[PDB]
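Novice: For the record, the sequence lines run as chains B and A. Just so we're aligned, residue 42 is where the first sequence starts under the deposited numbering, counting upward by one. Just so we're aligned, residue 42 is where the second sequence starts under the deposited numbering, counting upward by one. Idealized CB from N, CA, C, for every residue including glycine.
2 protein chains.
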Amino acid sequence: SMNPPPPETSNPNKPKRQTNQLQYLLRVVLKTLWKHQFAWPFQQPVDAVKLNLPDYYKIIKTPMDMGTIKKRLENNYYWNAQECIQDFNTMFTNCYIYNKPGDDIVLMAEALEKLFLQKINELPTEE
Amino acid sequence: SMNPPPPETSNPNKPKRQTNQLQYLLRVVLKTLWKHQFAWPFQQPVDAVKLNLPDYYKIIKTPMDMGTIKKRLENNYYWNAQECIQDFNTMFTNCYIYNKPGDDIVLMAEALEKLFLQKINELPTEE
């Protein structure tokens, strides 16, 4: 069927804060992953209509992409840094779920995940 | 307006040889790229009538696709491995010529080209 609406990126009913960790997630982590050569299939929601992949949103019921993560950080959607880390992890595991071990797109996602973990290793200490 | 005939894949007046490099180009290179998740647009000649690309064959005068390269290797059309490498390069550059920087199909071709170059980096030594 159609693509779903993209994930929500603003929450008017949630309090907001800036923290060293959230700032780092946007300015360093999201900036480094976006520019990686393997990033583009993960930068926006999968457009299953344009690709003619009717089963994508039958299989992936928790979609996530780097464009959504960028918007959530910019809109202070996340109170805890772990909420953002979970969204990255959802994006990577969605690739592993939809595809098969050893697929090329999976290898791309695995390399992005290794870079993400290397950058998370340098997250500033919690307040 | 119409599609041309596909590229020739047999040459009865050319001598034939089976080499380490040609074997690898079919069994490893052609096979790996064929199975990549981004391979579908490159597996057969561009059907410009069905894709509604009437200017495709006015711009691309040296068409090439993976299916033609596969048949070329199976039929011993190539004497030198470089002849096959040239056909892959023609496939990738045709995509860049017809389309524009940053187009989804160009990013697909670029990923296939980088993987192709990695596999060529491991071509067996020339006899």
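Is the segment 85-93 of chain B touching the segment 45-58 of chain A, taking contact as three or more C-beta pairs under 8 angstroms?
Specialist: Taking 8 angstroms as the limit for Cβ pairs, the verdict is that the segment 45-58 of chain A does not touch the segment 85-93 of chain B.
Novice: Over what stretch of residues does the alpha helix (DSSP H) that includes B:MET132 continue unbroken?
Specialist: Residue 132 of chain B sits at position 91 when you count from the first residue of the first sequence. Taken as a continuous stretch (DSSP letters only), the alpha helix (DSSP H) holding B:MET132 covers 122-139.
Novice: In the segment 141-153 of chain B, which residues sit with their C-beta less than 7 angstroms from some C-beta in chain A, listed in chain order?
Specialist: For the segment 141-153 of chain B, which is checked against every Cβ of chain A, the residues closer than 7 angstroms are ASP144, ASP145, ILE146.
Novice: Counting only beta-carbon separations shorter than 8 angstroms, does B:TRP81 have a partner in chain A?
Specialist: Working through the first sequence from its first residue, we reach residue 81 of chain B at position 40. It does: the Cβ of B:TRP81 has a partner Cβ on chain A nearer than 8 angstroms.
Novice: Pair every Cβ in the segment 63-74 of chain B with every Cβ in the segment 146-165 of chain B, then say whether three or more of these pairs are closer than 8 angstroms.
Specialist: Yes: the two stretches touch, three or more of their Cβ pairs being nearer than 8 angstroms.
Novice: Report buried or exposed for A:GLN59, applying the criterion of at least 16 other Cβ atoms within 10 angstroms of its Cβ.
Specialist: As a working mapping, residue 59 of chain A is identified with position 18 in the second sequence. The residue is exposed, with fewer than 16 neighbouring Cβ atoms inside 10 Å.
Novice: What residues from chain B crowd round A:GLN78, counting only those whose CB sits closer than 8 angstroms?
Specialist: For the purposes of this step, residue 78 of chain A is taken as residue 37 along the second sequence, with counting starting at 1. Near A:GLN78 (Cβ distances below 8 angstroms), the residues of chain B are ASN140, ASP144, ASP145, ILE146.
Novice: Residue range of the alpha helix (DSSP H) that B:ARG113 falls in?
Specialist: Against the first sequence, residue 113 of chain B aligns to sequence position 72. Element bounds for B:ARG113: 107-115.
Novice: Give the range of the alpha helix (DSSP H) segment to which A:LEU67 is assigned.
Specialist: Taking the first residue of the second sequence as position 1, residue 67 of chain A is located at position 26. Here A:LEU67 belongs to no alpha helix (DSSP H), and DSSP marks it neither H nor E.
Novice: Go to A:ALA89, then tell me how far its alpha helix (DSSP H) extends in each direction, as first and last residue.
Specialist: The sequence position of residue 89 of chain A within the second sequence is 48, counting from 1. Unbroken run through A:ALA89: none, as it is neither H nor E.
Novice: Taking DSSP as the reference, what is the three-state secondary structure of B:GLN59?
Specialist: Counting from 1 along the first sequence, the entry for residue 59 of chain B is found at position 18. Looking at B:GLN59 - three-state DSSP - the assignment turns out to be coil, as it is neither helix nor strand.
Novice: Quick check on the burial criterion: 16 or more other C-beta atoms within 10 angstroms. Buried or exposed for A:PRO104?
Specialist: To locate residue 104 of chain A, count along the second sequence from 1; it is residue 63. Buried.
Novice: Can you round the beta-carbon distance between B:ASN135 and B:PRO86 to whole angstroms, since I take them to be within the 8 angstroms contact cut?
Specialist: The residue labelled residue 135 of chain B in the question sits at position 94 within the first sequence. The residue labelled residue 86 of chain B in the question sits at position 45 within the first sequence. Rounded, the Cβ-Cβ distance is 11 angstroms, inconsistent with contact.
Novice: If distances are taken between C-alpha atoms only, which option among A:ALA122, A:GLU154, A:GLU124 comes closest to A:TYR137?
Specialist: For the purposes of this step, residue 137 of chain A is identified with residue 96 of the second sequence, where counting begins at 1. Comparing Cα-Cα distances from A:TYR137 to each of A:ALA122, A:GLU154, A:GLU124, the minimum goes to A:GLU154.
Novice: For A:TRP120 versus A:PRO53, is the C-beta spacing smaller than 8 angstroms?
Specialist: As a position in the second sequence, residue 120 of chain A is number 79, starting the count at 1. As a position in the second sequence, residue 53 of chain A is number 12, starting the count at 1. Not in contact: A:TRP120 and A:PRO53 (Cβ atoms no closer than 8 angstroms).
Novice: Once you ignore the five residues that flank B:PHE133 on each side, which residues in its own chain have a CB closer than 6 angstroms to its CB?
Specialist: Position 92 of the first sequence, counting from 1, holds the residue named residue 133 of chain B. Excluding residues within five positions, the ones whose Cβ falls inside 6 angstroms are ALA150, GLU154.
Novice: Can you check whether the CB of A:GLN84 is closer than 8 angstroms to the CB of A:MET107?
Specialist: Position 66 of the second sequence, counting from 1, holds the residue named residue 107 of chain A. Position 43 of the second sequence, counting from 1, holds the residue named residue 84 of chain A. Cβ distance < 8 angstroms, so A:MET107 and A:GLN84 count as in contact.
Novice: By the three-class DSSP mapping on this structure, what secondary structure does A:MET149 have?
Specialist: Residue numbering aside, residue 149 of chain A sits at position 108 when the second sequence is read from its first letter. Three-state DSSP puts A:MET149 in a helix.
Novice: Using alpha carbons as the reference points, say which of A:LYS141, A:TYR97, A:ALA122 lies closest to A:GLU168.
Specialist: In the second sequence, counting from the first residue as 1, residue 168 of chain A sits at position 127. Measuring from the Cα of A:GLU168, the nearest candidate turns out to be A:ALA122.
Novice: Kindly give me the distance between the Cβ atoms of B:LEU148 and B:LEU74, rounded to whole angstroms, as I take these residues to be in contact under 8 angstroms.
Specialist: Taking the first residue of the first sequence as position 1, residue 148 of chain B is located at position 107. Taking the first residue of the first sequence as position 1, residue 74 of chain B is located at position 33. Rounded, the Cβ-Cβ distance is 16 angstroms, inconsistent with contact.
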